[PDB]
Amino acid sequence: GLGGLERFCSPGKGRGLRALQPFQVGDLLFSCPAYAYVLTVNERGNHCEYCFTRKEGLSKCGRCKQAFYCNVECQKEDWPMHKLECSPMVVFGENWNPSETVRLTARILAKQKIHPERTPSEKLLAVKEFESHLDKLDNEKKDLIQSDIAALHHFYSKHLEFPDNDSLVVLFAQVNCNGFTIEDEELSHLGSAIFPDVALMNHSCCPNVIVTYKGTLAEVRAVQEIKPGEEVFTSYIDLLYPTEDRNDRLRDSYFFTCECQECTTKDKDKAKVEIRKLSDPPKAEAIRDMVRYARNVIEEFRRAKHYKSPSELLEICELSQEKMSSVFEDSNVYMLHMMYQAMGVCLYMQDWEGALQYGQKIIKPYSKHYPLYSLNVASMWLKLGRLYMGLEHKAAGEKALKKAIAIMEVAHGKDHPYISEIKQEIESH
């Protein structure tokens, strides 16, 4: 196993990770190399397929022209995994579209055939031992898994010997329960991976650890002091939202209800759903209605970004904020979500001024709603800093870049390449 830690039976939480020694804020508890991993399609050409290094001048795979590498070594090392997609991409052509979940599951199957023995990524929890929640699956989820199984057979039958359908619904449910997405310093999606020992950790809305990535390596660092005997908890979800919203997401994606201090006390719920203080305050029924509206526009926008124009997307943000502002304060998390979505539309449109004015309204409430060390508030400071720097506002930029570094030093470690990059950005301008 891992030094200073141990696997244990967490009452009402199945298996978990327990500390056998003290850990201070910013200490690295452990690292876990990716068992299986996949670079997201939209990041091809930007990062090396094998090690996830973000570099200019990456070598293109001559066969498929859709895999990029640091050099010939990264290329040869990725071939046992790349071989699953190389020829299929050119033969299926435009028809090649398996979901990221399917791309990852294919590599797990390939890894199980090549390396059946326990890997260095499985010191405490093995891939085969993963929780699946098979018995909890409803018709909607079973249908989704069946769509994934059909795509797995459709695109990856060349090198893989598949187990029966029942073993594959168990596998896909394990991947849903235990899979990780890898994000960059701005929380932008890079890919998906399997980190078995990292999947041992249970959830808390007040976590004592944070997971970050150093290429394909997962790193676990304390964001609170951890004493011997204490369970080590990470957050599975976005902690901006009130208790009900967090537990709806936790029940839906992870089949459990959280009972952490935050969910029990609901301390942050009041400010998260802050109401405008006005002559004749809004009635309880007016609040519940606005909240119902808010959750519906979130869903509406999520669907809309796939097919609506950037001006239509901003229109939804601006109009929903207008309707909500009659009842809701600007610091209210539903206003924040729409402002964050509007900021993203500006960034894509390269409207740096527009992005900056949204970010400026988001950062103070973010700090108030998120825990002391948070990747979401670090990433927002970083975005804000780069916007200021880009728009020639160097003093405001250096200040925001340093605010981001202060959180990142705890979460990513002092020596993290993302911090060396940000420091080079402070140096240059």
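Numbers for residues come from their place in the sequence shown, where the first is 1. For the two forms, the rigid core is made up of the largest set of C-alpha atoms that agree within 1.5 Å on superposition.
- Task: Name the stretch that deviates more in 6 other deposited structures of this protein: 162-170, or 196-204? Use RMS CA distance to the shown form, core superposed.
- Result: Per-stretch check in 6 other deposited structures of this protein: the more divergent one is 162-170.
- Query: Which stretch is more displaced from the shown form in 6 other deposited structures of this protein, 88-96 or 111-119, with RMS over structures and residues of Cα positions after a rigid core fit?
  - Reply: Output: 88-96, the stretch lying farther off on average in 6 other deposited structures of this protein.
- Message: Mean Cα B factor from the PDB record: higher for 286-294, or higher for 110-118?
- Response: Comparing 286-294 with 110-118, the higher average CA B-factor belongs to 286-294.
- Task: May I ask you to compare 60-68 and 31-39 by their mean CA B factor in the entry and name the higher one?
- Result: Averaging CA B-factors over each stretch, the winner is 60-68.
- Message: Highest recorded C-alpha temperature factor, please, choosing from 189, 221, 323, 337.
- Response: The C-alpha B-factor peaks, among 189, 221, 323, 337, at 323.
- Item | Residue with highest C-alpha B-factor in the PDB entry, from 93, 344, 215, 179 | Checking the PDB record, the top C-alpha B-factor among 93, 344, 215, 179 is at 93.
- Task: Divide the modelled residues of the chain into thirds by Cα B-factor and specify which third, lowest, middle or highest, holds residue 47.
- Result: Lowest third.
- Query: How does residue 267 rank on Cα B-factor within its chain, lowest, middle or highest third?
  - Reply: For residue 267, whose C-alpha B-factor we compare with every modelled residue in the chain, the answer is the highest third.
- What third of its chain, lowest, middle or highest, does the C-alpha temperature factor of residue 408 fall into? Its C-alpha B-factor belongs to the lowest third of this chain's values.
- Query: Comparing residue 247 with the other modelled residues of its chain, is its CA B-factor in the lowest, middle or highest third?
  - Reply: Middle third - that is where residue 247 ends up once the chain's C-alpha B-factors are sorted.
- Among modelled residues of the same chain, the CA temperature factor third for residue 203: For residue 203, whose C-alpha B-factor we compare with every modelled residue in the chain, the answer is the lowest third.
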